[PDB]
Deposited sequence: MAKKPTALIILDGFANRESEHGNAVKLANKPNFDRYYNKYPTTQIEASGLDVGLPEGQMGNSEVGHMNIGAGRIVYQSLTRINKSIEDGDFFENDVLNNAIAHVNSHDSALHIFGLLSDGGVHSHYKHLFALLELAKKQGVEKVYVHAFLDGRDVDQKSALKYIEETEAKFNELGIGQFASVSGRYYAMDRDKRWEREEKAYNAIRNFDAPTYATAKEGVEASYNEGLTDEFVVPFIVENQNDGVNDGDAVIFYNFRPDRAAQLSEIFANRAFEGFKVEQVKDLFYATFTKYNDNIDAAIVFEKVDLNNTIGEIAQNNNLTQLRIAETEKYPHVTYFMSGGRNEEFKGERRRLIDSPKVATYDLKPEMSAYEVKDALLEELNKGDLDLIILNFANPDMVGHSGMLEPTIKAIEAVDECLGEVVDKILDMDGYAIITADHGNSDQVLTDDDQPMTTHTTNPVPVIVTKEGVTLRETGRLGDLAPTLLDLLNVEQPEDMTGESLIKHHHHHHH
């Protein structure tokens, strides 16, 4: 039969902020959003930091946000999980780590990794935990092979990390630097194996040599070359030749993992996480499998669903919404609308929002949809320009589309949840009027277009799918630890 639709409408990069200064959200003329906001129940929810599985303080983002929305739970990221296992001790009881330690004592340990607190590919505090573990289980020879960042952190900051780590070597008693390589060598990913080789060699074959890590790095600086581009080198008398790789992101660790792996005998080789490097390694950390995301629950209650967005947020309403899964669920269909081909979207702030809107109206007119997941990309994609007037026009175009969409849903006696996945356009200028081109940490609005209900006064993205299921009168599975924003 024909169905009354329930729609989640994600205004990407659109959050609540008090001041109007650099606040495209407030300066925009958005009569439709404002009409719905004044008429219908509203609240505001957290989309950053620990509430979306990120470290405390970290702005949210589209990938994390769409995964938390779809999952109906906090989806904990790798960095957050590792940090928690250290704070809670699990790390030190880790079988693959205690195995590794036992193996070098029976043959009586190198450590590879990006040495910074960038948190994109690694974190050196995890190195500090490896050391401490080895100091508990009494390891004698620990050699640290350092890859220098300058890319996820300040361009010239390696000396700070090296100094803190040797202090740890001293405050702890074991460990030393055998080799030092800019990530431009040890963490290439564009199949540039001339660069990988220099790093392989430093780790003790033909390669530059210096008396300390500090010395080689300072030599690089004097030659105009910062941390990322540091030519690999050995630390004098400190590298006795040849293992744990504490990077947790595969794409930049794989090529070096393949050179090293692809002649030594009886080598224990572990990676913090499984890389696509084609070799047999012990894996320190296993992923959480996400099941019973909203798409799966819709499918298992025989509901039809639509995922729709233009190119820039199409992965987000498909792969990320479905919990890291490309395959459609049974009953699921999708509409991809091509984004404009421009280098930056301030050149066409309406992007393809009107074509997204028209495609949605086409699908709603079929009358066969239980569940709709729609994203309007514009506030985030234009707000990354740090330009106020383009981002205003982006929000105004979305607001006009939003009115046609929500009015049709309401005329089909359906329901909409209007929200966002994190902030951006709520601050496109700094307080000194410079461009502000990142996401924000601000909480996101929520409108539920059902009269006579009351919403909880706070929440998080993990609560949105429970709310949808509430409106659908569908049972919520245990895997979804979030809670519906509608009070009962």
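Deposited-sequence ranges lacking C-alpha coordinates, in sequence order: Holes in the chain trace, numbered from 1: 109-110, 206, 246-250, 271-279, 506-511.
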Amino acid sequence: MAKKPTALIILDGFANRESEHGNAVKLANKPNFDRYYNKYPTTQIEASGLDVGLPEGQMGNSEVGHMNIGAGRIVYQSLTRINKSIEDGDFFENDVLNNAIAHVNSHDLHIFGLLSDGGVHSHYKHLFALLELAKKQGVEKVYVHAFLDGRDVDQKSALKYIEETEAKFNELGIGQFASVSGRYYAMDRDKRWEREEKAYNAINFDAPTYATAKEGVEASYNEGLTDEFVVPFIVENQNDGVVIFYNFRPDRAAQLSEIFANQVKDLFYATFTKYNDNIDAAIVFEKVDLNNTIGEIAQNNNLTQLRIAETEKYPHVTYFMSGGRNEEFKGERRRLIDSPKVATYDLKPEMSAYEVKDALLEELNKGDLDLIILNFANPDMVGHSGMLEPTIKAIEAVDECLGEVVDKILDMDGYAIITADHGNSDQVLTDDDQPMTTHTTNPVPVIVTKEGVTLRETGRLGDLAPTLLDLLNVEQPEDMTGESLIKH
From here on, numbers count along this sequence of modelled residues.
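Higher mean Cα B-factor in the deposited model: 266-274 or 120-128? Comparing averages over the C-alpha atoms only gives 266-274.
Which is higher on average in the deposited entry, the C-alpha temperature factors of 170-178 or of 70-78? According to the PDB entry, the answer is 170-178.
Top Cα B factor in the deposited entry, candidates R333, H316, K160, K141: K141 has the highest C-alpha B-factor of those listed.
Highest Cα temperature factor in the entry, among the options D399, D149, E363, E197: which one is it? Of the options given, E197 has the highest CA B-factor in the PDB entry.
B-factor third for the C-alpha atom of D12 within its chain: CA B-factor rank for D12: lowest third.
Hey, what third does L347 fall into on Cα B-factor, ranked over its chain? Middle third, going by the recorded CA B-factors of the chain.
CA B-factor ranking of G323, expressed as a third of its chain: Its C-alpha B-factor belongs to the lowest third of this chain's values.
According to the PDB entry, is the CA B factor of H384 in the bottom, middle or top third of its chain, that is, lowest, middle or highest? Answer is lowest: the recorded C-alpha B-factor places it there.
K408, C-alpha B-factor rank within chain (lowest, middle or highest third): Middle third, going by the recorded CA B-factors of the chain.
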